[PDB]
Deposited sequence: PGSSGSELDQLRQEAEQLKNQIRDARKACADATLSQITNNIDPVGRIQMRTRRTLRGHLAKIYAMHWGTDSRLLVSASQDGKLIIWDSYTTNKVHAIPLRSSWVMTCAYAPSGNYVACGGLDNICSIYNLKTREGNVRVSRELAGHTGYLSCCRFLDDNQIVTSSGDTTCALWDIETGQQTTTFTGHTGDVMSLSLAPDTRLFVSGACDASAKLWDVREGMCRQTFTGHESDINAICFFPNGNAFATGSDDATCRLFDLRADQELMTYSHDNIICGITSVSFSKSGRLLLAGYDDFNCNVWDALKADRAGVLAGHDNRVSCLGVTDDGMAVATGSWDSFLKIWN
């Protein structure tokens, strides 16, 4: 493995040759965003145990949430009407997803299965093949879904045949999260090997690997233009990585916040990076300048999940306290 040193070094030196200035340098002159003060506009009541995941529909109105109460609930956020409640075979749920079409949702967890439900409500496919927990899943369309697993792999599935079309191998620790590129050609994963990986969906190869300072990555999200992404980790730090410059640009952290991060998302413009914390709050960061701009303090237990609507109008938080809140 002499050749594998020569290449590891080559990568380091190449990245350093690109590091001609820092993001903060570049953004030093722009105005701060000022104090971001969002208010709770909705409280979604009905889960009877910890919420582990949520995902907005593409209409910026319906959303699905998943709880250890053994239910998926689909809510109309505008009215708070419940539209569906789906009883799960396995209550040990870690993820859910809303298909872009609105026609299906998915979920799974310690059952190691990604279950698909047809909303137009019975289980329509159980995608079996992972050998560890299902941590995250996202539909590309009604026919394909990508998953991440505790087994250290991600996979692309053909929903009709129930087979893994592509298996994405390379992580050496449990994969906790994934995020699809806006155009679906690439996705990123974050794992307990403290790395984030960029994958080509159709070729099935890892294109680029990013390190997060030896802390587990629990959450990951693309920047809106698809040329960067952010991670949230156990070490209380969010990080921004650029794909074309192939390296970290910024960290977001305060010495007096020491708890884990569960969830990250950008606002529609990318200017704000929102993250959910074990200390029961969401912190809102200035993605360009790294200053903390604001806090969402509305939960009595961990914020386990969050999502920003496609129209940018709201953020949802989900919590171990059994509630979701909608903010803006």
Next item on the list: Would you list the gaps, meaning deposited-sequence stretches without C-alpha coordinates, in the order they occur?
Entry: 1-11, 132-136
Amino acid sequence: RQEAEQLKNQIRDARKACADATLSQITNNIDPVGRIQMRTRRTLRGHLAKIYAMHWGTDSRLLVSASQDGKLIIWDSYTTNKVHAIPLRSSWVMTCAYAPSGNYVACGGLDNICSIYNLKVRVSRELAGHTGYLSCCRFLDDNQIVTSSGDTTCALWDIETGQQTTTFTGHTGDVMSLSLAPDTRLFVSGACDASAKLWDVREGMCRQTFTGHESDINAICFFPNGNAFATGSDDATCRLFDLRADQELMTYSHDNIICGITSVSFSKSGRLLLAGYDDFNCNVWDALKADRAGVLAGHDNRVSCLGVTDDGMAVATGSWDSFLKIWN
From here on, numbers count along this sequence of modelled residues.
Notebook entry, point to check: On average, which has the higher Cα B-factor in the deposited entry, 200-208 or 129-137?
Noted result: 200-208
Notebook entry, point to check: Which wins on mean Cα temperature factor, 32-40 or 51-59?
Noted result: 32-40
Check: In the PDB entry, which of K82, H213, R239, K71 has its C-alpha at the highest B-factor?
Finding: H213
Check: Looking at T147, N112, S189, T184, which has the highest Cα B-factor in the entry?
Finding: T184
Notebook entry, point to check: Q164's Cα B-factor: lowest, middle or highest third of the chain?
Noted result: middle
Note to self: By the recorded C-alpha temperature factor, relative to the other modelled residues in its chain, which third is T309 in?
What the structure shows: middle
Next item on the list: Would you please rank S269 by its C-alpha temperature factor against the other modelled residues of its chain and give the third it falls in: lowest, middle or highest?
Entry: highest
Notebook entry, point to check: By its CA B factor, does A316 count among the lowest, middle or highest third of the modelled residues in the chain?
Noted result: lowest
Next item on the list: Classify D300 as lowest, middle or highest third according to the C-alpha B-factor given in the PDB entry, relative to its own chain.
Entry: middle
